[PDB]
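Trainee: build me a structure from this.
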Amino acid sequence: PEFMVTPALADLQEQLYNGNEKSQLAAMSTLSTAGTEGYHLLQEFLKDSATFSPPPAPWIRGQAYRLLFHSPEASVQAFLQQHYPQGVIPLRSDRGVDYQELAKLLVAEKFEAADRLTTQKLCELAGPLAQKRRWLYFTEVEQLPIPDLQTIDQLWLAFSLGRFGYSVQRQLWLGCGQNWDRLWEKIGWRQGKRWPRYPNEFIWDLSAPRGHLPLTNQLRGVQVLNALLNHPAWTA
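Mentor: Residues are numbered from 1 along each chain as shown. This is the structure:
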């Protein structure tokens, strides 16, 4: 047996475990409105779904974790403290970089703050000089570690329903015939004839276009973003 019982919630449970992504997301959303039993089912799903192979989209467990994270139930918060104290996405670095705060900001939907920290973390990864400079040379981007970039991308995917991340930007860019002008329009980085004003003219929630976040500053040209989107992390 795949899971433990619950009956108005029985079909919701089967959908959560065995549904396609759209069905799973709808099911967990509804379960989060179904009180103590609904949240218990989501807890069980986090436990059970860890066994699924191959890897499901990271925002299925990410959003389930988010719903639990937002629960008022003391039992749920204890569960999360006991089993997921640093969230649900593995945090991996080759350079001892801490991504716990990025994970916390993202689950809490603090997308502007998370984007600020993401930019800072790339500079941290590039070493002390970059960290002080507060921006990157494209050659530094080419050399960022795969595990670190994957952690950052997985966090953005997991907490954006798959809408945000460098890997999303890569896919949209490749799908735009690698044309940067098309990309800027596709991901919402144009305000008429100028760049949008940072931060107020960007969209800091999941209504934003796919690929909208994270931000890479275009005022110094496309070379940094080009290095990010062509990085070996996305085909490793």
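
Trainee: let me see the domain layout of the protein.
Mentor: For the chain, curated CATH domains gives the domain ranges 1-160, 161-236.

Trainee: adding mean neighbour count, write the ones you listed out as JSON lines.
Mentor: In short, each C-beta sits where N, CA and C put it, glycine included. Below are the domains of the chain laid out as JSON lines (neighbours: other CB atoms under 10 Å):
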{"stretch": "domain 1-160", "mean neighbour count": "17"}
{"stretch": "domain 161-236", "mean neighbour count": "16"}
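
Trainee: now the helices for this protein?
Mentor: 10-18, 21-31, 35-49, 58-69, 74-83, 100-107, 111-126, 128-133, 138-142, 146-158, 166-175, 180-186, 223-229 (DSSP state H).

Trainee: quick one: closest of those to residue 198.
Mentor: Among the helices of the chain, helix 111-126 comes nearest to residue 198, with 9.5 Å by CB to CB.

Trainee: surely residue 114 and residue 107 touch.
Mentor: No - using CB atoms under 8 Å, residue 114 is not in contact with residue 107, being 9.5 Å away.

Trainee: give the contact list for the spatially most central residue of the chain.
Mentor: Nearest to the mean C-alpha position of the chain, by CA atoms, centre = their mean, lies residue 156 at 1.9 Å. Going by CB atoms under 8 Å, 6 or more residues apart in numbering, residue 156 touches 106, 114, 118, 164-166, 213-214.

Trainee: for residue 212, same thing?
Mentor: Contacts here follow CB under 8 Å, 6+ apart; on that basis residue 212 touches 163-164, 187-189, 202-203.

Trainee: please apply the same query to residue 61.
Mentor: For residue 61, the contact set (CB under 8 Å, 6+ apart) comprises 46, 49-50, 88, 158.

Trainee: need the residues you listed in JSON lines (columns: distance to residue 221).
Mentor: Listed next are those as JSON lines, based on distance: CB to CB, whole Å:
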{"residue": "46", "distance to residue 221": "43"}
{"residue": "49", "distance to residue 221": "43"}
{"residue": "50", "distance to residue 221": "43"}
{"residue": "88", "distance to residue 221": "37"}
{"residue": "158", "distance to residue 221": "30"}
